[PDB]
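*Asks:* There's a structure below that I have some questions on.
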Amino acid sequence: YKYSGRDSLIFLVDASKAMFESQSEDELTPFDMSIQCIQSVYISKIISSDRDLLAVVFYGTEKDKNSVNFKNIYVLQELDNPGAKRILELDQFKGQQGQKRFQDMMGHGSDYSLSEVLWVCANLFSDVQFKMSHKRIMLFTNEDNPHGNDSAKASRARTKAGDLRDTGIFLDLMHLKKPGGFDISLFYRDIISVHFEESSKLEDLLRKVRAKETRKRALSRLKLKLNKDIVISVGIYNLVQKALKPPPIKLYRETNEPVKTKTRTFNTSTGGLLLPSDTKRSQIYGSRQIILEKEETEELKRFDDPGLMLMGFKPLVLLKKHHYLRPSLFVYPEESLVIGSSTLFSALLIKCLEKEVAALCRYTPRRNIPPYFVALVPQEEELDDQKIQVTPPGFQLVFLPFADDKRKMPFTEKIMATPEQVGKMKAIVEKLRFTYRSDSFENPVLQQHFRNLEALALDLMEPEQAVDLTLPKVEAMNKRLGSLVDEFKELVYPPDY
Amino acid sequence: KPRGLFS
Amino acid sequence: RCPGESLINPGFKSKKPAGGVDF
Amino acid sequence: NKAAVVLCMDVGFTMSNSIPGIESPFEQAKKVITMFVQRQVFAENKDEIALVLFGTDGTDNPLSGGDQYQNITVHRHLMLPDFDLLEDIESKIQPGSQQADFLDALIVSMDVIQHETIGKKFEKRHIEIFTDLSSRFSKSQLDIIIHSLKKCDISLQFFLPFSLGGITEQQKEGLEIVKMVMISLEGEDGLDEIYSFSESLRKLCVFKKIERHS
DNA sequence: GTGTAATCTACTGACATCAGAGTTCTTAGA
DNA sequence: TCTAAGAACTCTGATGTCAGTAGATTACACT
C-alpha cells in the first residue's frame, strides 16, 4: 500500500466460561493466553510503531458496551494509538485472581452471535478518521463450531463475513488447544482466507521483537546529468542507517508537563534582544579578524545545484576497499519525473555488469552542499531463496575519500613470521570458523534501554536485564579452540609475560 | 618526502 | 504473500531471532 | 617540528627583462613567493619566516660591507607569517636599478639563521634562493659554506626562470655553477632541491591539505 | 458583477544530518 | 618538581527533506 496508511488491528476474545475458566493441564489458560498475547503484541507495537492503531473487545460477556447491536459484547478499548494506560487496563484481568477480577465486572458464559460481533467490529473501524493500509481482526476463540446449531443463525455470520472481506477489511484466526480436538474444516473454513494441536503461528506473537520499523521512503530525488543536457530522475534510498535512542523530551518536575526550551540572544552590556540581522559571523587568523554575514557563511560552501554529474568509467578492482567514507546508499529509478528514463537506467545497469565497470559521479544531495565523489557500482538480485529478495537490483553509491581525509599514520617495517608460525595459525583460524549473517547481532545498549524504559513505564517489578550477544562466550572459545594458545606461548615468544 | 616551499 | 511477512508488523520482513557465534 | 624559512630574493634590474612569452623573472619569483606565503598564512604550523632582498639599491643587514655584504636588505626577521607581510610581498616590493650576488645574500641569510636559531626553538631549517643568474661573483667561501650547511643543519632550495629537461650564456654557466654547488651538498638528490618558476607556479596552485594526526 | 471550477502553495510529521557544545585523555609540561 | 593543548566520543538543535492534506487564489465563464 501507499506510504501514510496506518496498520490498524483489533483483538476480539471469546469471554465464554467453557474456554475462559478452562484447562486440561493446570499450566496455561486460554483466556490467560489470549490476554498475554494482546499485552505482548501491544508492547511490541509500542516500541516499534506508536503510529499504528490497536483495539480490544470481549464478546459473549453479560454486561455490555457498544455503539449499537449491543447484546452480550463489551468493547474494552476502542481504536487508539497505543500506550501505557491501555497495557495497564489489560494487566488487571491476567492470572488466577484475574479470572475472578473479570467476573465481578462483565460476567461469563452467556449466549453470543458472530454476525453481531463482526457487525460491532465493523462499526469500530468505520468510526475512525485516519487512513488505514491494513485492516485486520484477530479471533481468540476456541469454539470450532461457533454455536451454528441454528444454521440460519450461522448463514448470517458467513454472509456478514463475506461483507467484511468484500469491504476490504481482512480477518485472521488463532485456535487455542480445545480439549480433544479442533478442526477448521468443520467451520471457519470459509471465514479465513488437516487437524491441529495449537497454532504454530501463535508463538510469533510472543517474539517480543524490538526496533523501529520505518517504511520504504526516499531520502531525496536527483537528476543524473550525463552531460549539459541528458538527465534521468533517480531515487536515493537508505538501506543501512544507524539507529539512536529516541530524542529525550525535557519536563517540568512538579507536574511532569512538557516545557519549552525558549532560547534568546542578549547583548552582554544592554537589554537588546538581538535579532538575527544584528550579528554577523567571524574568524581569527594572523592576529586580524575576518567578518562575514549570516547569508554568506553559507554562500561559501556552495558550488552546484541538486543532481548527479557523470565523470566517466573505471575498473571495479581500482576502487580499493580499504578507504571507505560513510555508509553506502541505494540508487533506484523514479518515473515520478523524467518519464521513460527507466528505459535508459535499465540498459545502463545491464551493460555495466558485462563491462566489469563502475560509473564515477559528483554528488550533491541538496542546494548549499559541496560535491562529494561517488562510484556507482552496479547490482544484481539473489531471488533464489523463493523470491525473498536479500538484495535489490540497482546501483550502490559508494563514496570516495579526498586527500584531507586519508590521515598520516606512523612509520613501521617488518616481515617477521616463519611458515610454522603461519602454519599453527592456519589451524586455530580454521577451528574458529562460523557463519556471520548481517542480522545475527543486536545493540546491547539500545536493547537494554527499552527494557529499562518498560520497567519505568508499566511500574513493573524488575528491569528484564536480558544479557547481550556481543560478549565472546569465553568457555566455548576455551573448548572449541582447545589448548592451542600454548603454540604462540612456546613457538613464537619467550616466557617473560 | 618534500619540505620547505613544499611543506 | 505470507512466507516472509511478519504477523506482528505486516508488510515488513520477519525479524529472525538474533543469532550470534555458534560453531 | 618548528621550522625556519628564509626567502632570499633577487631584486636586481635584469630580472625585469624577459623572453616575451612569459612574465618577467622578477614578477615570476614575486608570484611564486606570493603563492607560497598564503599557505602558512592560513595553516596553523609553528614555522618562522624571514625575507631577504638582494640587488637592492640601499642596504640593511647585521653584517654590512663595501662590496660583499652589500646591495642586500634583511627586509623581515625570522617569525611566524602575517597578512601585512603578504601585502608587502604582493604590492610593496620593487626592483633595484643596481645588481647583486646570491652567494653574498646566502652568507648573510645563513648567518641570520645562526643568530635566530639560538634564542628561540626549532627543529628543521631551510634557505630559499630566487634569481635570474644576473649575479656576478668570485667563487670564494664554497667548501666552508657546504661544510657549514651540514654543521648548521640547513638545506638550500634554489629557484630559477628556465627548464631542467633564448637563455643567456651567463644563465647556462650560472646553472652549471648551481649544479656544482648542490652536487657538492647532496650528490644525485641535490638537483631535486632545484625548481623552475614554471613548474612551481604549476604546483603551488592550491592551499595546503589540512594537516592532522591520528 | 457573481459563482464554480481547477491548482498552486502552503504546513506538519517524520527522518537525516551537519555543525556546535559538553566531556575525558594524551603529550608538553615550573 | 606537573598545567593546557591538542585529541577523542556523545549529544543536542537547526536546516532541509518527503508525502500528504487542504486551504485560498486565480482564472473561466455567463448572452
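The residue numbers of chain A are those assigned by Swiss-Prot, with the residues present covering 30-222, 231-534 sequentially.
Using N, Cα and C of the backbone, Cβ positions are placed for all residues, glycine too.
Copied straight from Swiss-Prot:
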- A:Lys31: active site, schiff-base intermediate with DNA (ACT_SITE)
- A:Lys287: SUMO2 cross-link (CROSSLNK)
- A:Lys317: SUMO2 cross-link (CROSSLNK)
- A:261-468: domain 'Ku' (DOMAIN)
- A:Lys31: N6-acetyllysine (MOD_RES)
- A:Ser51: phosphoserine (MOD_RES)
- A:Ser306: phosphoserine (MOD_RES)
- A:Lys317: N6-acetyllysine (MOD_RES)
- A:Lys331: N6-acetyllysine (MOD_RES)
- A:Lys338: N6-acetyllysine (MOD_RES)
- A:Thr455: phosphothreonine (MOD_RES)
- A:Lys461: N6-acetyllysine (MOD_RES)
- A:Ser477: phosphoserine (MOD_RES)
- A:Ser520: phosphoserine (MOD_RES)
- A:277-341: region 'DNA-binding' (REGION)
- A:373-482: region 'Interaction with XRCC5' (REGION)
*Asks:* Going by C-alpha positions, which of the recorded positions (A:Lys31, A:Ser51, A:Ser306, A:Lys331, A:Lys338) is nearest A:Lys317 (SUMO2 cross-link)?
*Replies:* A:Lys331
*Asks:* Per 10 Å Cβ neighbour count, which of the recorded positions A:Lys31, A:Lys317 ranks highest?
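*Replies:* Going through A:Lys31, A:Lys317 one by one, the largest Cβ count within 10 Å is at A:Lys317.
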*Asks:* Among all chains shown, work out which of the recorded positions A:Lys287, A:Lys461 has the most CB atoms within 10 A of its CB.
*Replies:* A:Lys461
*Asks:* Cβ under 8 Å from chain C: which of the recorded positions A:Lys31, A:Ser51, A:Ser306, A:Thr455, A:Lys461, A:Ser520 qualify?
*Replies:* none
*Asks:* If I take the alpha carbons of A:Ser306 (phosphoserine) and A:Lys331 (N6-acetyllysine), what is the distance between them in whole Å?
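*Replies:* It is 22 Å, counting Cα to Cα.
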*Asks:* What Cα-Cα separation, expressed in whole Å, is found between A:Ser51 (phosphoserine) and A:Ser477 (phosphoserine)?
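*Replies:* For A:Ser51 (phosphoserine) versus A:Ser477 (phosphoserine), the Cα atoms are 40 Å apart.
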*Asks:* By the count of other Cβ atoms within 10 Å, pick out the sparsest of the modified residues A:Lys331, A:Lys338.
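*Replies:* If we count Cβ atoms within 10 Å for the modified residues A:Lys331, A:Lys338, the smallest count is at A:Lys338.
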*Asks:* If one looks at the chain holding A:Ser520 (phosphoserine), which residues at least 6 apart in sequence have a CB under 8 angstroms from its CB?
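*Replies:* Residues satisfying the criterion: none.
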*Asks:* Counting by DSSP secondary structure, give me helix, strand and coil numbers for the region 'Interaction with XRCC5' (A:373-482).
*Replies:* 32 helix, 23 strand, 55 coil
*Asks:* Is it possible to get the count of other C-beta atoms within 10 angstroms of the C-beta of A:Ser51 (phosphoserine)?
*Replies:* 16
*Asks:* Could you state the whole-number distance in Å separating the C-alpha atoms of A:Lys461 (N6-acetyllysine) and A:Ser477 (phosphoserine)?
*Replies:* 29
*Asks:* Name, in the order they occur in the sequence, the residues of the same chain whose CB lies under 8 A from the CB of A:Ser477 (phosphoserine) and which sit 6 or more residues away.
*Replies:* none
*Asks:* CA-CA, which of the recorded positions A:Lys31, A:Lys331, A:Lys338, A:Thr455 lies nearest A:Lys287 (SUMO2 cross-link)?
*Replies:* A:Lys331
*Asks:* Using other CB atoms within 10 angstroms as the count, which residue among the modified residues A:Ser306, A:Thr455 scores least?
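*Replies:* Taking A:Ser306, A:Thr455 as the modified residues, the minimal 10 Å Cβ count falls on A:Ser306.
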*Asks:* Measuring Cα to Cα, how far is the residue listed as 'active site, schiff-base intermediate with DNA' from A:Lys331 (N6-acetyllysine) in Å?
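*Replies:* A:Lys331 (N6-acetyllysine) has its Cα 40 Å from the Cα of the residue listed as 'active site, schiff-base intermediate with DNA'.
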*Asks:* Roughly how many Å separate the Cα of A:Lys331 (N6-acetyllysine) from that of A:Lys338 (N6-acetyllysine), to the nearest whole number?
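*Replies:* Approximately 13 Å lies between the Cα of A:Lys331 (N6-acetyllysine) and that of A:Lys338 (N6-acetyllysine).
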*Asks:* DSSP-wise, what's the residue breakdown of the region 'DNA-binding' (A:277-341) into helix, strand and coil?
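*Replies:* The breakdown for the region 'DNA-binding' (A:277-341) reads 3 helix, 14 strand, 48 coil.
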